[PDB]
Each structure stands twice: as C-alpha cells, then as structure tokens.
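The next block holds one structure in the form of structure tokens; read it before the comments.
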Amino acid sequence: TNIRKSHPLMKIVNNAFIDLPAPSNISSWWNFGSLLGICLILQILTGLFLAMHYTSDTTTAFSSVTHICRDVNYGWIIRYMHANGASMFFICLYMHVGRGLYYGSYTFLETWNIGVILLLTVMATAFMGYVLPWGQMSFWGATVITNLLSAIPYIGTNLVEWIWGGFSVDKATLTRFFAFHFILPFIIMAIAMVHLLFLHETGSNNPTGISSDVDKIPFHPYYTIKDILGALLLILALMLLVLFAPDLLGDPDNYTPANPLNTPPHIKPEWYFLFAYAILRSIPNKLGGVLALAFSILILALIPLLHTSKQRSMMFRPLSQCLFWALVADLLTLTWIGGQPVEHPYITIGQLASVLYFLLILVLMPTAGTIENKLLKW
Amino acid sequence: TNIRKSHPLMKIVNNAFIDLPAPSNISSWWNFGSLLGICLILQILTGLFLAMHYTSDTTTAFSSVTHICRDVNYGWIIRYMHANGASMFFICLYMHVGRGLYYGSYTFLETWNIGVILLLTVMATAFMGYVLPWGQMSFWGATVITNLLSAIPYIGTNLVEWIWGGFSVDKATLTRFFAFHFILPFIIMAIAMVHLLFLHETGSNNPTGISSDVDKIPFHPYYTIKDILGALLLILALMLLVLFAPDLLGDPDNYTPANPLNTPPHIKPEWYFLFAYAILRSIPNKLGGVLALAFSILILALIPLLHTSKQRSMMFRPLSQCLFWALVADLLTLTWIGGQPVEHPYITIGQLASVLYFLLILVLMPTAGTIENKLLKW
Amino acid sequence: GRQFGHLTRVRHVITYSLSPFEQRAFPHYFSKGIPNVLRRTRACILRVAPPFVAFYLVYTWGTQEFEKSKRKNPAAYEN
Amino acid sequence: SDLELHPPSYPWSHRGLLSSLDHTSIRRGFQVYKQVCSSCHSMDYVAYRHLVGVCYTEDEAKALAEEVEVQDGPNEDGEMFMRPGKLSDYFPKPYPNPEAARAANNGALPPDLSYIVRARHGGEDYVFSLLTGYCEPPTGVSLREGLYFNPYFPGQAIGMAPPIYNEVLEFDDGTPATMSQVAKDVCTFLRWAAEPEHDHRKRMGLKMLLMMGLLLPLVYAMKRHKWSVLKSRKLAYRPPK
Amino acid sequence: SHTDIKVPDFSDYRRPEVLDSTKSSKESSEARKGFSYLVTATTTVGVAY
Amino acid sequence: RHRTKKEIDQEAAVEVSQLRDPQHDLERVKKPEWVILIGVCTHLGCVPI
Amino acid sequence: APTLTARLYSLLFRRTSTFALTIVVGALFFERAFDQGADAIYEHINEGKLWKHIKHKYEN
Ligand code: HEM
Ligand code: HEM
Ligand code: HEM
Ligand code: HEM
Ligand code: HEM
Ligand SMILES: CCCCCC[C@H]1C(=O)O[C@H](C)[C@H](NC(=O)c2cccc(NC=O)c2O)C(=O)O[C@@H](C)[C@@H]1OC(=O)C(C)C
Ligand SMILES: CCCCCC[C@H]1C(=O)O[C@H](C)[C@H](NC(=O)c2cccc(NC=O)c2O)C(=O)O[C@@H](C)[C@@H]1OC(=O)C(C)C
Ligand code: FES
C-alpha cells in the first residue's frame with residue numbers, strides 16, 4: 001500500500017501539491033499564490049536574521065541597521081532582500097487580488113474573505129516594518145498614519161495614545177512595533193493555511209470561469225514545476241532590485257535619523273499605500289478622510305455582493321473587461337497622485353480619481369454586468 | 001444538518017474537544033496535556049507583553065527588565081507570571097513524561113517521539129529565556145552550558161564560537177538568543193499540533209492499558225470541564241508563586257548585572273536542569289560528560305525499544321511499579337546533588353545516582369518486565 | 001480519527017443512568033470518600049513510599065557529612 | 001574563609017503572608033540611605049517620584065529632590081549646567097567610573113542598593129545582620145589594612161567600614177537613632193527599594209486566595225454534576241440463555 | 001423476558017426532594033435546576049471578575 | 001601571578017608523567033617567580049578562582 | 001410560597017437571555033462589593049499604610 005496516501009502527515013502534503021486535481025487550464029495569473037507563500041517565508045527568513053543583530057531602543061535603532069549593512073558579514077544582502085522582498089510581497093498581493101476580480105474567483109466567499117484578512121494583516125505588518133530603522137519616514141510615517149484613529153469620535157484620542165505608549169511616538173512605540181512586526185507574520189502564516197484549507201474545498205477557479213472538473217490534471221508534475229519556474233522569475237526580480245537598484249523603491253530620507261522637531265515637506269507612506277494615501281487626503285475631512293481610507297480596502301469584502309453577471313470570469317465580457325482596466329489605470333493614477341504634493345492639478349485630479357474608484361466598483365462594474373446579461377438574452 | 005460537523009473549520013474543533021471519544025476512564029494524570037497547552041499560550045502571551053518593553057543590547061538588557069518591574073504599569077505581574085509560568089511549564093512537562101512511562105503511553109511511537117521533540121525544544125527555549133535579563137546566572141549560565149559543544153571532536157570550537165558571534169558571550173549573543181527565544185515557541189506550537197494529530201489516530205491510552213473502545217465517552221461535557229477545573233488548579237499554583245513567593249524558584253544573583261571578570265562559585269542552571277547538570281559533572285570527562293548529558297534526555301526515545309512486558313500499563317505490575325518510583329526519587333536525588341557544590345559526599349553519591357539512572361532504565365525496568373511475564377505464566 | 005459508531009462491537013449490555021438534576025453531586029462525600037482514599041493509599045504505600053525515604057535518608061546523611069567534613073575538619077592539629 | 005554562618009529570623013513587619021511594609025519605617029530608612037550610604041552606594045533604579053505614593057508626599061518629594069544638583073541636558077552652546085532637583089530623575093550618586101569607587105574605598109565596590117534584599121541570600125536579615133553584626137576578630141586571624149571583621153560575610157574579610165552607630169537623625173516626631181533602630185529602618189526601606197510592588201502583590205494575593213476560595217469549590221461542583229451521570233451509572237450483562 | 005428488566009434502585013444518589021415514588025418531581029423541578037444553575041451563574045460571575 | 005619561593009619549588013617537585021597534559025613548570029613560565037595565564041578553564045570556559 | 005431557588009429559576013435562569021443578563025448585572029455589583037470588603041480586610045489587618053500617614057501632611 002502507498003504510504004504517501006495513508007500517513008497522517010503525507011496526506012496533507014499529497015493534498016497540497018501532489019495529487020490534488022487542478023485545472024489543466026490555469027495560467028500565469030495563478031502563480032502569485034506560491035509567490036506570496038515564498039514571499040512570506042523569505043520575508044520570515046531574512047527578517048529573522050536581521051533580528052539577531054537589530055535592537056529596538058530609539059538610541060540604537062538606526063545604528064544597528066547600519067551596523068548590519070556595514071559590519072555584519074553579508075548583513076547588507078539580507079537587509080536589502082528583506083526590504084525589497086517587502087515590496088515584491090505587495091506586487092504579488094496586488095496582482096493576486098487583481099487576478100481574483102477579473103476572473104470572478106471571489107465567488108468562493110470564505111476563501112476570498114480570508115484573503116482580505118490576509119491583506120490587512122500584511123499591510124499592518126509592513127507598516128510596522130518600516131518604523132523599525134527609525135528614520136525620518138519611519139517617525140512621521142509612524143505619526144501621520146497612526147493618528148488617523150484620532151478621528152474616531154469620542155475615543156479616538158485615547159486609542160492613539162494607547163497604541164503610542166506616551167503622548168507622542170517614542171520609547172514605548174518602537175519596541176511595541178518591533179514585537180508586533182515579529183509575531184504578525186507567524187499569525188498570517190496560520191491564516192494562510194486556513195485560506196488554503198477553504199480553497200481545497202472547491203478546488204481552483206480558471207481563466208474561463210466555467211468548471212474544469214471535466215478536465216483536471218494532477219498537481220504532480222504540472223503545477224509543481226510551473227511553480228518552480230515561476231519562483232525563479234520572482235527571484236530574478238527580487239535580486240534585480242537588491243543587486244542593481246537597492247533603493248529604487250525606497251524613500252531616501254529614512255536614512256538620516258528621526259527628529260520630532262523636523263518633518264520634511266513631502267513625506268508619503270511606502271509606495272504600496274499611495275493609492276490609499278491619495279484617497280484619504282482627497283477629502284476635506286478628518287472623519288471622512290479616514291472613513292474613506294478604510295472603505296478603500298474594506299470594499300473588497302463587498303465585491304461578491306455586487307456580482308451581477310451570469311458569467312463568472314470576465315474572459316468573455318468586453319464591457320467589464322474595459323471597466324477592469326479603467327480600474328487598474330485609475331489605481332495607477334491614485335498611486336501617482338499619492339506620490340505628489342497637495343497642490344494645484346494634483347488635488348482636483350486625485351479627487352476625481354477617488355470618486356471614479358468608488359463609482360466604478362460600486363456602480364459601473366455592476367451595471368456593465370447587467371447590460372451584458374441583457375445583450376446575451378440572459 | 002448540523003453545521004458543527006460539516007464546516008471545514010469546526011470539524012477540526014469537533015474532533016479536538018467536542019465529539020472526540022475518550023476513555024471514561026482517564027484520571028488526573030491526563031490533565032497535563034491541557035496544562036502544557038495552557039502553559040504554552042500563557043507563556044507566549046506574557047512573553048509578548050514583555051517584548052513590548054524589553055530590549056536586547058547588553059547595555060540596556062538588565063535595565064529594561066527593572067524598568068518593566070518598577071515603571072511599566074503592572075509590568076511586575078507580567079514579568080513574574082512569565083518567569084514562574086516557565087517553571088510550571090517544566091513541572092507539567094515533567095509530570096506528562098512521568099504519566100507516560102508509568103502507563104505505557106509511549107507505545108504510540110510517533111506521538112511519543114513528537115513529544116521528545118517537544119521536550120528538547122521547550123528546554124532549548126527556556127535556556128535562551130533566562131539569558132535575556134543579562135544577570136550573573138544568565139552570563140555564565142549562558143557560558144557553562146553553550147561551551148559543551150566545544151567537547152565535540154574536531155569542530156567543537158568552531159560551532160561554539162559560531163553560536164556566540166564572537167570569542168565569548170557578548171553583543172552578538174544576547175540579540176541572537178532573544179530572537180530565537182521569540183521564534184521557538186511558535187515553532188513548538190506547530191509541532192504540538194502534529195503531536196496532537198498523531199495522537200488522534202489512536203485516541204488516548206488509560207490507567208489500565210487495556211483498551212477503552214468498549215467504553216468511550218464524549219469529550220463534550222466530561223473532559224472539557226475536567227480540563228477547566230484542572231486549569232484553575234494550575235492557575236492557583238502559578239499565582240501562589242507570583243503573588244506570594246516570586247523568587248522561591250529563582251536564583252537570587254541573576255539580579256546584579258553580568259561581568260565576564262567574576263563567576264560566583266556556586267552557579268547552576270535553573271532547577272529544571274539540575275538532574276542533567278548532576279549527570280554531566282558526575283563524569284571526569286569533557287567528551288563523556290556531555291555525551292552522558294545528551295543520553296540523559298535522548299534515552300526517552302529509547303524506552304519503547306525496551307518494552308519487555310506483556311501488559312501495557314504498570315497498573316498491575318508491582319515489580320516495575322517499584323522501579324518506577326526508585327527512578328523518580330533517584331531523579332529527585334540528581335536534582336538535589338545538581339544543586340550542591342562539587343565536594344565530598346555530594347560527588348560520590350551523585351556519581352552513584354547517575355549510574356543508577358542509566359542502569360535502572362537500561363537494565364532494571366526491562367528485566368522487571370520479563371520476570372513479571374514469567375510470574376504470570378506469559 | 002475515530003468516531004462513535006465505528007469504534008467496536010458490543011454484545012449484550014444494559015446501562016442504566018440518571019439525570020444530573022435528579023441526583024447529588026457529592027453522594028456520601030466523606031462517609032464513603034475517606035475510607036476509599038485510605039484504601040487506595042494502603043494499596044500503594046509499599047511501592048511509592050520506600051524509594052522516597054531512601055532518598056530522604058541519603059539526603060540528611062549527605063548534608064550532615066558535608067558539614068562535618070569541613071567544619072568538623074579541625075578537629076585536631078596538635079604540635 | 002571557607003566556613004560560614006547564616007542569619008536568624010528577625011520578625012519583620014512584612015514577614016507574614018499578607019503583611020504590608022511599615023511605611024513610617026520605610027521613611028526613616030530613606031533618611032538612613034541619604035545621610036549615610038548615599039556617599040558610597042549607588043541606587044541607580046529608585047527615584048524621588050517612586051517615593052511619592054510610598055512614604056513622602058507631593059511637595060515633600062520635590063523638596064528632597066531639590067537638595068542635590070544633577071547635570072541636566074546640554075544647552076544651545078552644548079553646555080550641561082546644574083539644576084535644583086526635579087522628581088523625575090533617580091539617585092545616581094557617589095562615583096562616575098566604577099573604578100573610581102575602587103580608588104576611594106580601597107579596592108572595594110559598594111554595590112548598588114536597589115539590588116540588595118533580592119541579590120543576597122537571606123534578604124533583609126543578611127543585611128540586617130551584616131550591619132548590626134559587626135564583631136571583633138578572635139585568634140588565628142589577620143586582616144590587611146582596615147579590611148574590617150564581620151562574621152555574617154563570605155570569608156569574613158569585608159572592605160566596608162561599619163557606618164552604623166554614628167547616631168545621625170531627623171526621625172521626625174521623635175525616634176531614637178540607636179544602632180538597631182537604624183538598621184531595621186535601612187533594611188525596611190531596602191526591601192521596598194527592591195520590591196516596590198510588594199504590598200499590592202500581597203493585596204492581590206489575598207483576593208487570589210479569596211477568589212479561588214469561592215471558585216475552586218464551585219468549578220468543582222460543576223464537574224461533579226456532569227460526571228454524576230457517569231458516576232452512578234449501572235451496568236447489567238445479559239447474554240443469551 | 002425483557003420484562004424481567006427492572007431499573008436498579010437509586011435512592012442512594014437521589015436528591016432529597018426526589019426520594020418519594022409517590023411525589024411528582026415537577027414540584028422540585030424548579031428548585032433543583034435553580035440550584036445547579038445558580039452554582040454556574042455564581043461561578044461565571046467569579047471568572048468574570 | 002607572583003609566585004613565592006615555596007610555590008616555585010612545589011611545582012618543580014610534581015611527578016610529570018602522572019599528568020593528564022604532561023608539561024614541566026619551567027616550560028610554562030619564563031621567570032619562575034611569574035606565572036601568566038588565560039583565566040579560562042579548558043573544560044567549559046568558566047573562570048578559575 | 002415556593003422556594004427561593006425555584007422563583008429564582010423561573011424569573012431569571014430559564015431563558016439564556018435573562019440568565020446571562022443576570023450574571024453581567026450580578027458581576028458589576030460583585031466587583032464593587034468584593035473590592036470593598038477585601039481591601040477593608042486587607043487594611044484592618046495592616047495599618048502601617050500611607051492612609052493614616054496623611055493626617056500629618058495636609059499642608060505641604
Ligand atoms: C498571505 C497572502 C496570501 C497568500 C499567501 C495567498 C495564498 C494563495 C494560494 C497559494 C492560492 C492558490 C494559488 C493561486 O490561485 O494563485 C490562492 C488563491 C486565492 N486567494 Fe489567496 N493568498 C493571499 C492573499 C489573498 C488575497 C489578498 C486574496 C483576495 C483578498 C485572496 C483570496 C484568494 C482567492 C479568492 C483565491 C482563489 C483563486 C482562484 O481560484 O483562482 N488571498 N491564494
Ligand atoms: C517574522 C519575520 C520577520 C522578522 C523577524 C522581521 C524583523 C525585521 C527587523 C528586525 C527589521 C529592521 C531591520 C531592517 O529594517 O532592515 C525589519 C524591517 C522591515 N521588514 Fe520585517 N520582519 C519579519 C517579517 C516581515 C514581513 C512579513 C514583512 C512584510 C513584507 C516585513 C517587511 C519589513 C519592512 C517593510 C521593514 C522595514 C523596511 C526597511 O527595511 O526599510 N518583514 N523587519
Ligand atoms: C509542547 C509540550 C507538550 C504538549 C503541549 C503536549 C500536549 C499533549 C496533550 C494535549 C495530550 C493529550 C492529553 C493528555 O494525555 O494529557 C498529550 C498526550 C501525550 N503526549 Fe504530549 N505534550 C507535550 C510534551 C510531550 C512529551 C514531553 C511527551 C513525551 C516525550 C509527549 C508524548 C505524549 C504522549 C505519548 C501522549 C499520550 C498520552 C496518553 O495517551 O496517555 N508529549 N500531550
Ligand atoms: C514567544 C513568546 C515569548 C516571548 C515573546 C518571550 C519573550 C521574553 C522576554 C522579552 C524575556 C525577558 C524579560 C524577562 O526576563 O522577564 C523573557 C524571559 C524568559 N521567558 Fe520568555 N518568551 C516567550 C515564550 C517563552 C517560553 C516558551 C518560555 C519557556 C517556558 C519562556 C521562558 C522564559 C524564561 C525562562 C525567561 C527568563 C527567565 C526570567 O525571567 O528570569 N518564555 N521572555
Ligand atoms: C547603612 C548604609 C550602608 C549599607 C546598608 C551598606 C550595606 C552594604 C552591603 C549589603 C554590601 C555587600 C555585602 C555582601 O557582599 O554580601 C556592602 C559592600 C560595601 N560597602 Fe556598604 N553599606 C552602607 C554604607 C557604606 C559606607 C558608608 C561605605 C564606605 C566605607 C561603604 C563601602 C562599602 C564597601 C567598601 C563595600 C565592599 C565590601 C566588600 O565587598 O568587600 N558602604 N555594603
Ligand atoms: C513549506 C513549503 C511546502 C508547501 C506547503 C505550503 C504551501 C502550499 O500549500 O503549497 C501549495 C503549492 C499551495 N498552492 C499552490 O501553490 C498552487 C495552487 C494552484 C495553482 C498553483 N500554481 C499554478 O497554477 C499553485 O501554485 C501554495 O503554494 O500555498 C503556499 C502559500 C502554502 O505555503 C503556506 O501555506 C505557508 C503558510 C507555509
Ligand atoms: C486555543 C484553545 C483551543 C484548543 C485547541 C488546541 C488544544 C487542543 O487540541 O485542545 C484539546 C483540549 C487537546 N487535548 C486535550 O486537552 C485532552 C485530551 C485528552 C484528555 C484530556 N483531559 C483529561 O483527560 C485533555 O485535556 C489539548 O488540550 O491540546 C492542547 C495542547 C491544544 O493546544 C494547542 O494545540 C496549542 C498549539 C494551541
Ligand atoms: S570545570 Fe567545567 S567549566 Fe570549569
């Protein structure tokens with residue numbers, strides 16, 4: 001009898017990537033699940049090696065990182081792989097969610113939802129991540145953001161100071177964030193498995209949204225090697241940054257230590273929050289700005305309630321296909337604006353892009369869907 | 001249909017402590033599995049709150065802990081619950097393994113073995129744990145021990161300095177240990193689940209070693225409440241220490257910072273390594289001492305290969321029952337000697353206790369078993 | 001994993017039981033309790049106790065000789 | 001020198017299980033610290049504010065803090081002047097470099113006092129006995145310079161001068177500063193300088209016992225209920241024929 | 001023959017309001033449940049604190 | 001360490017072939033009245049008293 | 001005239017609503033009364049407090 005099937009442990013492994021039936025059909029947009037996995041472990045792995053040298057304490061924070069980069073044998077590649085892997089973890093997270101909407105994958109409620117929980121957590125994690133080196137961006141990045149909870153009626157103040165450990169960002173705040181930045185990726189890693197658990201309940205969706213039961217292939221050969229190649233590609237990219245352009249995606253001013261006295265007129269969160277940043281300030285309101293910022297992400301959990309189409313994938317849906325790309329480009333817009341100062345053109349256009357975003361996901365795509373139904377006679 | 005049974009998540013929870021059939025028969029010696037669980041989380045939980053205030057850096061190490069105890073609102077109970085919970089985690093670990101031998105539970109190879117892996121890891125964890133406050137015991141405790149790998153032929157030196165980050169214990173060594181002391185309990189927590197996975201494959205053994213299939217009861221009511229009461233008892237004990245005798249099990253000299261110049265003629269690892277300590281130095285050899293220290297624990301993984309009896313539990317085995325207690329008392333001996341200076345009576349008696357230990361587990365218990373067979377006509 | 005209904009085979013046994021709300025949680029707690037723990041203690045003293053007094057004897061004699069080895073040391077050094 | 005003696009059990013006002021410290025006695029003790037020990041013994045962890053809830057009061061703490069002059073933060077020219085005394089900072093006193101403690105007291109380190117009661121076996125009693133112990137060297141013996149004699153001490157050869165009986169005072173309201181009265185008070189304060197949480201700890205401890213005293217029986221009667229179905233169950237075996 | 005099966009006597013375990021074969025147990029129904037639930041209510045009030 | 005005349009003579013009298021690590025005292029010092037050593041125990045690196 | 005426990009069951013324990021309502025209502029009053037009596041017991045057996053010490057320093 002084949003021990004690969006009856007042993008309590010292997011079962012799991014057989015079910016994960018050996019015998020599990022998958023669509024003969026999936027394409028590259030399905031790789032980002034392994035890539036996110038890889039990202040998660042590599043992040044956990046370099047992250048740990050930095051912790052054997054990092055510190056905390058506001059006095060030594062910045063000093064330790066430089067210590068690593070200059071003194072620690074090879075500390076530089078580790079440090080930069082960590083910081084660059086962090087960005088890659090967003091590119092993939094972004095692509096994953098993308099793949100998801102286009103193809104209708106979100107119809108797996110539990111799975112999609114666990115994925116939203118996976119999004120907020122890696123966001124919450126990466127945020128704490130950059131506060132650590134204790135640079136300029138780290139300090140006010142850690143300030144501009146956190147504050148937002150001060151917009152919450154009646155108790156906002158209390159919470160923001162409770163998360164702070166003082167009346168501002170200092171002593172109590174760096175150690176806190178380090179510890180949280182340490183325990184979160186483990187918790188995420190658990191949630192991921194539950195994400196994956198619920199996924200195995202239905203198997204994978206595919207480019208046509210049809211149903212591949214009629215043509216499944218074994219994960220064995222097929223998707224293991226198509227995951228390896230894929231991961232090699234992810235390595236190429238991560239290494240391209242680290243080894244040729246280490247600070248290309250990094251704000252040069254998180255160098256130069258903190259300073260509660262300064263604040264360098266510019267300051268934006270790391271690139272991956274720009275679209276969100278743009279939204280928040282494209283609203284003349286403390287409450288509204290943050291309320292809108294929240295909705296900006298928590299709307300993913302709303303998408304399935306506005307599936308209106310009789311087809312699952314957008315593979316055969318030109319109308320929606322157009323609104324999808326309009327969404328992407330528009331997000332690329334928000335990212336760009338977020339990156340600019342709150343001045344003349346930039347204000348009104350980022351204000352339009354915001355409205356577009358919400359109007360597109362909340363009114364346009366759902367209508368495009370119904371018209372397509374009507375066109376097909378459905 | 002009952003969602004408590006078909007939902008991918010609940011299944012697990014139904015199987016863990018709701019519908020799982022258990023012996024109507026188990027007694028208090030089976031509680032230490034929940035207690036170890038509780039221990040593990042509570043340890044993880046206070047441990048984390050200390051990390052939001054602790055540091056690392058040899059300069060601030062000791063200072064931060066006192067900061068917590070004196071300045072941090074309630075930092076003292078947290079700190080002391082952590083340190084006392086650590087001891088309790090050993091009392092239970094000890095009791096668990098005890099329950100195990102007596103009752104023959106070790107016949108579940110995979111489960112027993114995962115449990116040995118669980119033992120070494122919490123040992124390895126708790127070791128790193130006490131190096132953290134950077135006290136006297138912490139420094140040489142961290143020195144006397146670690147060194148041992150320097151007894152390994154040809155490469156001992158290399159490894160001990162590799163684990164050190166220098167030529168002695170300093171900078172590189174405290175941050176390292178903190179990080180490892182942080183990631184280990186998570187890894188342990190995983191291993192625990194696999195331990196528990198393999199356990200569910202057979203269900204639980206019981207006081208008679210017979211087989212309770214003929215009389216199983218639902219974990220629902222029964223063992224959930226008998227686990228609650230039990231946990232309350234564990235709280236009583238943990239709180240008795242923390243709130244009445246905080247340093248009773250703690251070496252008073254881990255107070256007073258480090259000092260690579262000193263070394264206070266006494267020094268012993270925390271109580272839970274005393275029996276092991278005694279063994280090692282009860283041998284006039286660098287290689288033999290450490291070799292014997294290893295065997296002292298790695299012998300558990302040998303026990304099943306020396307099951308000789310035709311009955312499973314010792315419930316009906318007076319001969320072995322006697323050798324069991326002789327083992328316990330003898331371990332209580334090793335603990336006591338370990339706690340004493342390497343002088344007159346203490347040497348030869350701790351030297352006898354060592355031999356006894358190995359001769360008892362390796363020759364005496366296995367023979368007691370065979371004689372019992374012969375007595376019964378088996 | 002193993003569920004009720006697929007455990008094992010049982011022939012002819014009746015089991016009468018009673019609702020918890022219909023009986024006492026502590027029937028004869030002391031009346032029948034004490035006698036029994038005496039009985040279980042008795043039943044096991046001889047296999048549990050002996051190794052412990054042995055340790056006990058070796059512990060008191062061990063420290064004794066440890067003090068009387070040094071403190072008692074002088075003793076005599078007469079010239 | 002190889003042989004030793006251990007302390008007795010002085011019936012402290014905080015030896016009993018649920019026993020608070022004597023706050024009046026913690027006061028006099030700080031006094032003993034300030035006038036006597038403070039010029040040799042660092043106490044890096046305690047501060048004037050720590051004294052606020054304990055012994056003294058708001059204004060009083062301010063005043064005692066102002067009776068010294070600490071080196072405050074640098075100013076515009078990169079100065080580092082001196083200032084009255086806040087409440088904020090601690091008691092970092094006697095010497096800068098550690099070896100400067102050795103240069104004064106001949107090659108001896110008068111260790112931090114925040115430590116003490118929890119860093120030495122016996123706790124208060126060892127310090128109580130070490131202070132009020134001070135006796136005279138019998139035969140055999142030696143001594144170098146003034147490596148004074150003390151039985152309650154490892155080796156008996158200390159480097160610490162016996163600054164006990166020098167009757168200093170300020171025991172407000174009226175308290176005889178005898179050797180023994182002075183030693184109990186230092187210790188009593190030193191207990192509190194090591195374990196400030198001491199009284200709260202035991203206050204909770206009372207509740208912990210009092211709570212468990214209702215819970216243990218209850219959460220136990222609960223488990224009985226549920227197991228009673230099993231405990232009084234009756235079996236009958238009725239095979240065919 | 002299955003009519004030889006009498007349920008074994010329990011007087012030895014019964015709550016006192018329930019010893020009489022001639023007394024309806026509905027009378028002490030409330031009292032008995034009340035007590036055990038009060039026991040857990042208090043308990044949980046204790047954990048709550 | 002400054003060794004006295006008595007200590008020098010005592011080390012020179014030690015039976016060399018009985019040693020675990022055979023070495024004469026005069027090959028471990030340059031001036032007999034001075035022994036200079038690394039304060040590190042060869043077993044597990046503790047500090048010898 | 002039924003029983004205390006009986007009447008108690010009917011009006012508050014029967015429904016898991018009122019049952020739970022009773023305990024949250026019952027925990028509030030318990031935390032207060034247990035903290036009073038407890039601390040009082042803690043003080044009565046002590047008296048080297050900072051409570052009876054204040055009377056001396058209302059001034060400065
Ligand atoms: C911790 C970060 C995440 C990890 C590690 C992760 C891992 C995976 C893996 C391995 C797959 C299967 C392979 C694939 O389809 O690519 C997958 C599919 C999916 N994930 Fe995630 N994912 C993460 C974040 C998300 C996010 C952000 C979402 C959406 C909010 C999400 C919802 C989904 C859904 C709906 C699928 C099904 C895709 C399909 O069937 O076509 N997960 N994920
Ligand atoms: C639990 C494994 C992890 C550990 C031990 C860890 C620990 C650390 C430490 C000590 C630093 C400061 C050193 C430095 O800045 O280079 C850091 C920086 C950071 N890590 Fe992590 N982290 C871990 C997982 C993650 C995860 C999941 C993310 C999210 C992709 C992440 C993204 C970051 C970011 C954004 C920074 C700061 C950015 C920068 O280096 O400039 N790390 N981490
Ligand atoms: C991370 C520490 C450990 C945890 C959390 C843990 C958890 C548990 C739990 C919950 C049970 C079932 C309840 C019980 O029988 O008490 C159990 C049983 C068992 N464990 Fe562990 N245990 C740990 C360490 C060990 C050790 C040290 C061993 C032995 C080396 C061990 C081998 C076993 C075995 C053989 C059983 C079966 C007991 C029986 O059937 O009677 N595990 N454990
Ligand atoms: C991952 C959760 C844990 C974290 C975050 C954690 C973190 C810490 C930190 C920061 C300290 C230094 C503060 C102090 O000494 O009080 C410490 C001390 C310690 N913890 Fe942990 N630890 C965790 C799990 C454990 C585990 C599993 C054990 C083993 C029972 C453990 C046993 C210890 C010990 C022995 C010490 C030093 C003893 C002492 O306090 O005197 N902790 N821990
Ligand atoms: C009531 C005020 C003082 C107290 C309570 C006090 C208490 C102590 C204690 C408990 C020790 C360490 C005992 C041990 O190692 O077991 C010590 C060491 C010492 N203190 Fe004091 N002392 C006080 C005032 C002084 C003064 C005024 C001096 C200046 C002569 C002084 C100089 C020393 C020295 C030199 C040592 C070193 C003893 C040694 O380790 O060899 N201390 N003291
Ligand atoms: C340790 C490595 C062993 C792998 C076991 C864990 C990893 C795991 O479960 O492996 C399989 C490979 C899992 N699914 C896929 O990859 C996958 C599924 C459909 C299609 C493709 N590709 C192309 O069509 C895929 O690649 C996947 O990729 O999930 C990872 C996030 C998870 O990783 C995790 O959980 C982390 C929490 C560890
Ligand atoms: C988060 C709390 C939910 C519980 C799920 C996890 C916990 C879990 O799985 O629960 C059940 C309760 C598991 N078994 C028992 O307790 C148990 C089994 C037989 C008998 C008794 N008692 C008396 O005869 C028991 O108590 C047990 O106690 O294992 C713990 C170590 C595990 O804990 C773990 O994994 C940690 C890795 C979390
Ligand atoms: S004798 Fe073992 S470390 Fe010195």
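To find a chain, count down the sequence lines: A is the first, B the second, and so on, and within it residues start at 1.
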- Side-chain touch F/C46/B/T143, heavy atoms, less than 4.5 angstrom: no
- Query: Just how far is it from atom CG of B/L364 to atom CG of B/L359, taken to the nearest 0.5 Å?
  - Reply: 5.0 Å
- Message: Is there a side-chain contact between D/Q156 and D/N150 in this structure, where contact means two heavy atoms from C-beta onward sitting under 4.5 Å apart?
- Response: no
- Query: Is the D/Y134 to D/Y148 ring centre distance short of 6.0 Å?
  - Reply: no
- Item | All salt bridge (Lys or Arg N to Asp or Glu O under 4.0 Å) counterparts of B/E343, not counting sequence neighbours | C/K70
- Message: Students often mix this up, so state it plainly: with edges at 30° and 60°, are the rings of B/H266 and D/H121 parallel, tilted or perpendicular?
- Response: perpendicular
- Would you call D/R15 and D/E124 a salt bridge, taking side-chain N to carboxylate O under 4.0 Å as the test? no
- Message: Quick one, B/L298 and B/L120 - any side-chain contact, counting heavy atoms below 4.5 Å?
- Response: yes
- Message: Taking CZ in C/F52 as the centre, count heavy atoms belonging to other residues, nucleotides or ligands within less than 6.0 Å. Is the count above 12?
- Response: yes
- Message: For B/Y255, give me all partners under ring-ring contact (aromatic ring centres under 6.0 Å, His included), at least two apart in sequence or on another chain.
- Response: none
- Find the distance between CD1 (B/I163) and OG1 (B/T146) and round it off to the nearest 0.5 Å. 7.5 Å
- Note on the structure: Those residues at least two apart in sequence (or on a different chain) that pass salt bridge (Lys or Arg N to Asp or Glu O under 4.0 Å) with B/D251 are B/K268
- Task: Indicate, with yes or no, if the rings of D/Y126 and D/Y152 have centres closer together than 6.0 Å.
- Result: no
- Query: Between CE of B/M81 and CD of B/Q43, what distance do you get to the nearest 0.5 Å?
  - Reply: 11.5 Å
- Any chance the rings of B/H307 and B/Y106 have centres within less than 6.0 Å? yes
- Item | Short N-O contact, D/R201 and D/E195, less than 4.0 angstrom | yes
- Task: May I ask you to check whether B/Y103 and B/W29 place their ring centers less than 6.0 Å from one another?
- Result: no
- In Å and rounded to the nearest 0.5 Å, what is the SG to CG distance from D/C187 to D/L131? 6.0 Å
- Message: Do B/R281 and B/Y277 form a cation-pi contact, if we require the NZ or CZ to be under 6.0 Å from the six-membered ring centre and within 45 degrees of the ring's axis?
- Response: yes
- Note on the structure: For B/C39 and B/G85 the tightest heavy-atom approach is SG-O, 4.5 Å
- Item | Main-chain N/O of B/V122 paired with B/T125 side-chain donor or acceptor, under 3.5 Å | no
- Look at atom CD1 of F/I36 and say whether more than 12 heavy atoms of other residues, nucleotides or ligands are closer to it than 6.0 Å. no
- Under 3.5 Å, side chain of B/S105 to main-chain N/O of B/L101, donor-acceptor pair present? no
- Message: Regarding F/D25 and F/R3, does a basic nitrogen lie under 4.0 Å from an acidic carboxylate oxygen?
- Response: yes
- Separation between CG (B/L305) and CD1 (B/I299), nearest 0.5 Å, reads 11.0 Å
- Do the side chains of B/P265 and F/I49 get nearer than 4.5 Å, heavy atoms only? yes
- Check: D/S129 and D/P8 side chains under 4.5 Å, non-hydrogen atoms: yes
- Side-chain contact, heavy-atom cut-off 4.5 Å: B/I303 with B/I361? yes
- Query: Got B/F32 and B/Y94 here, is their nearest side-chain heavy-atom distance under 4.5 Å?
  - Reply: no
- Message: Please report the interatomic distance OG1(B/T256) to CZ(B/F62), rounded to the nearest 0.5 Å.
- Response: 6.5 Å
- Query: Side-chain contact, heavy-atom cut-off 4.5 Å: C/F55 with B/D330?
  - Reply: no
- Can you list the steps and then say if B/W140 with B/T263 is a side chain to side chain donor-acceptor pair (under 3.5 Å)? CA-CA 7 Å; B/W140 289 283; B/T263 277; 2.7 Å; yes
- Task: Could you check whether the rings of B/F90 and B/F273 sit parallel, tilted or perpendicular, using 30° and 60° as the cut-offs?
- Result: tilted
